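Here is query24.csv, consisting of CSV, C-alpha atoms and all ligand atoms:
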```csv
chain,number,residue,atom,x,y,z
A,6,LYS,CA,-3.6,9.6,-8.9
A,7,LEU,CA,-1.7,12.3,-7.1
A,8,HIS,CA,-3.4,15.5,-5.7
A,9,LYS,CA,-2.0,19.0,-5.6
A,10,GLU,CA,-2.2,20.8,-2.2
A,11,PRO,CA,-2.0,24.6,-1.5
A,12,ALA,CA,1.0,26.2,0.1
A,13,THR,CA,2.5,29.7,0.7
A,14,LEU,CA,6.0,30.9,-0.1
A,15,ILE,CA,8.1,31.7,3.0
A,16,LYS,CA,11.5,31.8,1.3
A,17,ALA,CA,13.3,30.6,-1.8
A,18,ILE,CA,16.6,28.9,-0.7
A,19,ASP,CA,18.3,27.5,-3.8
A,20,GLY,CA,17.8,25.7,-7.0
A,21,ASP,CA,16.0,22.7,-5.5
A,22,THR,CA,15.1,23.7,-1.9
A,23,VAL,CA,12.4,26.1,-0.8
A,24,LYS,CA,10.9,27.0,2.6
A,25,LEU,CA,7.1,26.9,2.4
A,26,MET,CA,4.1,27.2,4.7
A,27,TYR,CA,2.2,23.9,4.4
A,28,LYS,CA,-1.0,23.3,6.5
A,29,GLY,CA,0.0,26.3,8.6
A,30,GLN,CA,3.5,25.1,9.5
A,31,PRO,CA,6.9,26.3,8.2
A,32,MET,CA,8.6,23.5,6.2
A,33,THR,CA,11.6,23.1,4.0
A,34,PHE,CA,10.9,21.2,0.8
A,35,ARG,CA,13.4,19.3,-1.4
A,36,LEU,CA,12.2,19.0,-5.0
A,37,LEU,CA,11.6,15.4,-6.1
A,38,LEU,CA,13.7,13.7,-8.8
A,39,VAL,CA,16.0,16.6,-9.5
A,40,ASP,CA,19.4,17.9,-8.6
A,41,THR,CA,20.5,21.5,-9.3
A,42,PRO,CA,24.2,22.5,-8.8
A,43,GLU,CA,25.1,24.1,-5.5
A,50,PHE,CA,25.5,27.9,-5.4
A,51,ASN,CA,29.3,27.4,-5.4
A,52,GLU,CA,29.3,25.1,-8.5
A,53,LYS,CA,28.8,26.1,-12.2
A,54,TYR,CA,25.2,27.3,-13.0
A,55,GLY,CA,24.4,27.3,-9.3
A,56,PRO,CA,23.4,31.0,-9.1
A,57,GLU,CA,21.4,30.6,-12.3
A,58,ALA,CA,19.5,27.7,-10.9
A,59,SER,CA,18.8,29.5,-7.7
A,60,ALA,CA,17.8,32.6,-9.6
A,61,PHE,CA,15.5,30.7,-11.9
A,62,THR,CA,13.6,29.0,-9.0
A,63,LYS,CA,13.6,32.3,-6.9
A,64,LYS,CA,12.0,34.3,-9.7
A,65,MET,CA,9.6,31.5,-10.6
A,66,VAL,CA,8.1,31.1,-7.1
A,67,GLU,CA,8.3,34.8,-6.0
A,68,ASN,CA,6.2,35.9,-9.1
A,69,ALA,CA,3.6,33.1,-8.8
A,70,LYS,CA,0.1,33.8,-7.6
A,71,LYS,CA,-0.5,30.3,-6.5
A,72,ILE,CA,1.9,27.7,-5.2
A,73,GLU,CA,0.9,24.0,-4.9
A,74,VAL,CA,2.8,20.9,-3.6
A,75,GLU,CA,2.3,17.4,-4.7
A,76,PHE,CA,3.5,14.4,-2.7
A,77,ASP,CA,4.3,11.1,-4.4
A,78,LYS,CA,3.4,7.6,-3.2
A,79,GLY,CA,6.5,6.7,-1.2
A,80,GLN,CA,8.3,8.7,1.4
A,81,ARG,CA,7.1,12.3,2.1
A,82,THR,CA,10.1,13.3,4.3
A,83,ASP,CA,13.8,12.7,3.9
A,84,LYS,CA,16.5,11.9,6.5
A,85,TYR,CA,17.0,15.6,7.0
A,86,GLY,CA,13.3,16.3,7.8
A,87,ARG,CA,12.7,18.0,4.5
A,88,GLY,CA,9.4,17.5,2.6
A,89,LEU,CA,9.7,15.7,-0.7
A,90,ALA,CA,7.4,16.9,-3.4
A,91,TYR,CA,6.6,18.2,-6.9
A,92,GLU,CA,6.2,22.0,-6.7
A,93,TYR,CA,3.8,24.0,-8.9
A,94,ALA,CA,4.1,27.7,-9.7
A,95,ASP,CA,0.7,28.7,-11.2
A,96,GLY,CA,0.1,25.3,-12.7
A,97,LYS,CA,3.7,25.0,-14.0
A,98,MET,CA,5.8,22.3,-12.4
A,99,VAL,CA,9.0,23.8,-11.1
A,100,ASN,CA,10.8,20.4,-11.2
A,101,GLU,CA,10.2,20.0,-14.9
A,102,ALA,CA,10.9,23.6,-15.8
A,103,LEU,CA,14.4,23.5,-14.2
A,104,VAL,CA,15.1,20.2,-16.1
A,105,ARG,CA,13.8,21.7,-19.4
A,106,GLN,CA,16.2,24.6,-19.2
A,107,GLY,CA,19.2,22.4,-18.5
A,108,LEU,CA,19.6,23.9,-15.0
A,109,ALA,CA,18.8,20.6,-13.3
A,110,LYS,CA,19.6,17.0,-13.9
A,111,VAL,CA,17.2,14.0,-13.3
A,112,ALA,CA,18.5,12.4,-10.1
A,113,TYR,CA,17.7,10.5,-6.9
A,114,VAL,CA,15.1,8.2,-8.4
A,115,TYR,CA,13.9,5.9,-5.6
A,116,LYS,CA,11.3,3.0,-5.8
A,117,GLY,CA,7.8,4.4,-5.1
A,118,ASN,CA,8.5,8.1,-5.5
A,119,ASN,CA,9.0,8.2,-9.3
A,120,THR,CA,5.5,9.0,-10.7
A,121,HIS,CA,6.7,11.9,-12.9
A,122,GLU,CA,10.0,10.3,-13.9
A,123,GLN,CA,9.3,9.7,-17.6
A,124,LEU,CA,8.0,13.3,-17.9
A,125,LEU,CA,11.2,14.7,-16.5
A,126,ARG,CA,13.4,12.3,-18.5
A,127,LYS,CA,11.6,13.7,-21.6
A,128,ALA,CA,12.4,17.3,-20.6
A,129,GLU,CA,16.1,16.4,-19.9
A,130,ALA,CA,16.5,14.7,-23.3
A,131,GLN,CA,15.3,18.0,-25.0
A,132,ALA,CA,17.6,20.2,-23.0
A,133,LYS,CA,20.5,17.7,-23.6
A,134,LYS,CA,19.9,17.8,-27.4
A,135,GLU,CA,19.6,21.7,-27.4
A,136,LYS,CA,22.9,21.9,-25.4
A,137,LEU,CA,21.2,24.1,-22.8
A,138,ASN,CA,23.3,25.4,-19.9
A,139,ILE,CA,24.6,22.2,-18.1
A,140,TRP,CA,24.8,20.3,-21.3
A,141,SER,CA,26.9,22.9,-23.1
B,1,LIG,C1,15.7,14.2,-3.8
B,1,LIG,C2,16.0,13.4,-2.6
B,1,LIG,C3,17.1,13.5,-1.8
B,1,LIG,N1,17.3,12.8,-0.7
B,1,LIG,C4,18.5,13.0,0.1
B,1,LIG,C5,19.6,12.2,-0.6
B,1,LIG,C6,20.8,13.0,-0.2
B,1,LIG,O1,21.4,12.5,1.0
B,1,LIG,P1,23.0,12.3,1.3
B,1,LIG,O2,23.6,13.8,1.3
B,1,LIG,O3,23.1,11.8,2.6
B,1,LIG,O4,23.4,11.7,0.0
B,1,LIG,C7,20.3,14.4,-0.1
B,1,LIG,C8,20.6,15.2,-1.3
B,1,LIG,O5,20.1,16.5,-1.1
B,1,LIG,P2,20.8,17.8,-1.7
B,1,LIG,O6,21.2,17.6,-3.1
B,1,LIG,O7,20.0,19.0,-1.3
B,1,LIG,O8,22.1,17.9,-0.8
B,1,LIG,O9,18.9,14.3,0.1
B,1,LIG,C9,16.5,11.7,-0.3
B,1,LIG,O10,16.6,11.0,0.6
B,1,LIG,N2,15.4,11.6,-1.1
B,1,LIG,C10,15.0,12.3,-2.2
B,1,LIG,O11,14.0,12.0,-2.8
B,2,CA,CA,21.4,19.9,-5.0
```
Do you think you could lay out the structure here as structure tokens?
Amino acid sequence: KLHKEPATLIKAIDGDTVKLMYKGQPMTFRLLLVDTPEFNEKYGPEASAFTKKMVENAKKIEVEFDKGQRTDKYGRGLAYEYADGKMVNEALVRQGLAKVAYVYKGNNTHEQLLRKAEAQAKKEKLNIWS
């Protein structure tokens, strides 16, 4: 059973990275289980635009750590992000703006859910699957 924690938006960076204030400290978060294209690659600006709009227009932003590692080798926080109850990780995957990726042992609680969303976008030929 994972628990959602409060956080405040500092700055949207790109499709799967955002700078948030967590427990009073500035911290860069990398979204769990996803991989959006870099700004330079195809659909990159769209992914960044999608995330940016989604978090900037949210009234409440929550983070949810998984069971395994909470920080990556680059010092980034690893979590599931929620914009007014809606999981940003899943939304990106549902729109075909992100691919399910970097599935490590112990940090894959929401894996099936995201795989489900991917299969839908894949069948609908959304963005990346066009
Ligand atoms: C999503 C995720 C990424 N990472 C690391 C793997 C990648 O390192 P390597 O570059 O050394 O492969 C990097 C991918 O992040 P980005 O896609 O932001 O570049 O972040 C983790 O260690 N754990 C995770 O859960
Ligand atoms: Ca990426």
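When atom CA of residue A:62 is paired with atom CA of residue A:17, their separation reads 7.4 Å.
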| request: Within 12 Å of residue A:7, counting all atoms listed in the file, which residues show up once you throw out same-chain ones fewer than 6 positions away? Write them as a PyMOL selection string, please. | output: chain A and resi 74-79+90-91+118-121
| query | Hey, can you check how far atom CA of residue A:8 sits from atom CA of residue A:98? | reply |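 Taking atom CA of residue A:8 and atom CA of residue A:98, their separation equals 13.3 Å.
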| task | Tell me which protein, DNA and RNA residues are within 8 Å of stretch 109-111 of chain A, counting only C-alpha atoms, leaving out same-chain ones fewer than 5 positions away, and put them as a PyMOL selection string. | result | chain A and resi 38-42+58+103-104+125-126+129+139
Using only C-alpha atoms, please write the residues we just selected to a file, as a PDB file, in the coordinates of the input.
```pdb
ATOM      1  CA  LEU A  38      13.700  13.700  -8.800  1.00  0.00           C
ATOM      2  CA  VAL A  39      16.000  16.600  -9.500  1.00  0.00           C
ATOM      3  CA  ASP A  40      19.400  17.900  -8.600  1.00  0.00           C
ATOM      4  CA  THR A  41      20.500  21.500  -9.300  1.00  0.00           C
ATOM      5  CA  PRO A  42      24.200  22.500  -8.800  1.00  0.00           C
ATOM      6  CA  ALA A  58      19.500  27.700 -10.900  1.00  0.00           C
ATOM      7  CA  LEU A 103      14.400  23.500 -14.200  1.00  0.00           C
ATOM      8  CA  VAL A 104      15.100  20.200 -16.100  1.00  0.00           C
ATOM      9  CA  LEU A 125      11.200  14.700 -16.500  1.00  0.00           C
ATOM     10  CA  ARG A 126      13.400  12.300 -18.500  1.00  0.00           C
ATOM     11  CA  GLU A 129      16.100  16.400 -19.900  1.00  0.00           C
ATOM     12  CA  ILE A 139      24.600  22.200 -18.100  1.00  0.00           C
TER      13      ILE A 139
END
```
| request: Enumerate residues in contact with ligand LIG 1 (chain B): an atom-to-atom distance of at most 8 Å, counting all atoms listed in the file. Format the result as a ChimeraX atom specification. | output: /A:21-22,35-41,43,80,82-85,89,112-115,118
| message | Between A:31, A:11, A:20, A:107, which residue has the minimum interatomic distance to residue A:61, considering only C-alpha atoms? | response |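 Using only C-alpha atoms, residue A:61 sits closest to A:20.
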| field | A:122, A:9, A:108, A:71 ranked by distance to residue A:55, top pick (using only C-alpha atoms) | value |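 Looking at the shortest contact to residue A:55, the residue is A:108.
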| Hey, can you check how far atom CA of residue A:25 sits from atom CA of residue A:53? | 26.2 Å
